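>>> So I pulled this structure from the PDB, and the sequence comes with it:
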Amino acid sequence: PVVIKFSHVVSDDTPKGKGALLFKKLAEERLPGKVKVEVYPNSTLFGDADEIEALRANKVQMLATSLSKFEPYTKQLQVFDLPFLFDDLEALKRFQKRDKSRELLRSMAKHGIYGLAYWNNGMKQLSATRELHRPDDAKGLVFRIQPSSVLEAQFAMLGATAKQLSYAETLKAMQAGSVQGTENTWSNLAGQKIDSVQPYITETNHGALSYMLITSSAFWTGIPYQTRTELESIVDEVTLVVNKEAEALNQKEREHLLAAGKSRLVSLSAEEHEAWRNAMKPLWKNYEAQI
């Protein structure tokens, strides 16, 4: 029986967590005796900082890692971090079906990383210690970001500063006062439990949070062809479900977070939205020559 340990840093009740449990469910139903899938949510196996190296070392067999986190291995995924490039998950989804996007699943082959699929989460919002009606309002704040140079440059362009931190390090830094804001989907803003220290969340939809489902090439190649083939069909199946339900899950988490009353929703007019887009889109020119 081939063991696939699936490690991730969020809860079971998230787009990624439901996907991993469904991958376990389908694999173990369809390939009994051939494959056993163990799911480890909430960094119980490996955390944000060391999960990818654990995968390449075959300490774990499957991850679903943010596209923003792959710069130590490739610069080919930076396109996905650009603000306001994708209107919503539907637009992102159409991009990911292009042949060239399919090819990006192999961009880290040189480091033994094998891409299996894109799993989407949702669009990023901005939480902060104050209302963010206009881009100028962001000035002087320190935002927690994922460890991406693109996302760092994004906040620098706004006259803000970014602090690169892991998913789990975010709340304590806000509690300490070294971070005053962050960007994330409704599901993760809820999951981090930062509403107690983030009185305002502005619905900016300014970037996408998306994952590459990955394994190590050495592990995946060692799986008997029949079984590997099957597992890849299950992956495609789980992936359709993940991407079809992600937005609805994020909208329910928005409702429940706002219902708690700790964070208040800041809503943008068309003109304010255009102002944010006009402030952040010039970042694309820094990456256009590569892309």
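Alright, I've got the coordinates. Numbering: from 1, shown residues only.
>>> What helix or strand is the residue nearest to residue 1 when sequence neighbours are not counted located in?
Sequence neighbours aside, residue 36 is the residue nearest to residue 1 in space, at 5.1 Å (criterion: Cβ to Cβ, 6 or more residues apart in numbering). Every residue, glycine included, has its C-beta placed from N, CA and C. Residue 36 belongs to strand 35-40 when assigned by DSSP states H and E.
>>> Show residues contacting that strand.
Applying Cβ atoms under 8 Å, 6 or more residues apart in numbering, the contact partners of strand 35-40 are 1-8, 20-21, 23-24, 27-28, 46, 60, 227, 231.
>>> show me where the stretch 51-200 of the chain has helices.
With DSSP state H, counting those that start in this stretch as the definition, the stretch 51-200 of the chain shows helices at residue ranges 51-56, 89-96, 99-103, 149-157, 170-176, 186-191.
>>> Single out the most deeply packed of those.
Neighbour counts (mean count of other Cβ atoms under 10 Å) averaged over each of the helices of the stretch 51-200 of the chain peak at helix 186-191, with a mean of 24.
>>> Check which helices and strands that helix sits against.
strand 113-123, strand 125-128, helix 225-260 (3 or more Cβ pairs under 8 Å, 6 or more residues apart in numbering; DSSP states H and E).
>>> Buried deepest among these, which one?
When those are compared using mean count of other Cβ under 10 Å, strand 125-128 is most buried, at a mean of 26.
>>> Tabulate the CA atom coordinates of that strand in CSV.
What follows is strand 125-128, C-alpha atoms only, in CSV (Å, rounded to 0.1, in the frame of the first residue of the first chain):
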residue,chain,number,x,y,z
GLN,A,125,-9.2,41.4,1.2
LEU,A,126,-7.3,43.9,3.4
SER,A,127,-7.7,43.8,7.2
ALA,A,128,-6.3,46.7,9.2
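>>> hang on, the earlier thing: among the contacts of strand 35-40, which are in strands?
The strands, defined by DSSP state E, take in 2-7 from the contacts of strand 35-40.
>>> got JSON lines for those residues, with distance to residue 134 too?
Listed next are the ones in strands among the contacts of strand 35-40 as JSON lines, based on distance: Cβ to Cβ, whole Å:
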{"residue": "2", "distance to residue 134": "54"}
{"residue": "3", "distance to residue 134": "52"}
{"residue": "4", "distance to residue 134": "47"}
{"residue": "5", "distance to residue 134": "46"}
{"residue": "6", "distance to residue 134": "42"}
{"residue": "7", "distance to residue 134": "40"}
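>>> Would you mind checking those residues for buried ones?
In the ones in strands among the contacts of strand 35-40, burial by neighbour count holds for 2, 4-7, counting by 16 or more other Cβ atoms under 10 Å.
>>> how far away is residue 10 from residue 38?
17 Å (Cβ to Cβ, to the nearest Å).
>>> Please read the previous query as pertaining to residue 281.
43 Å.
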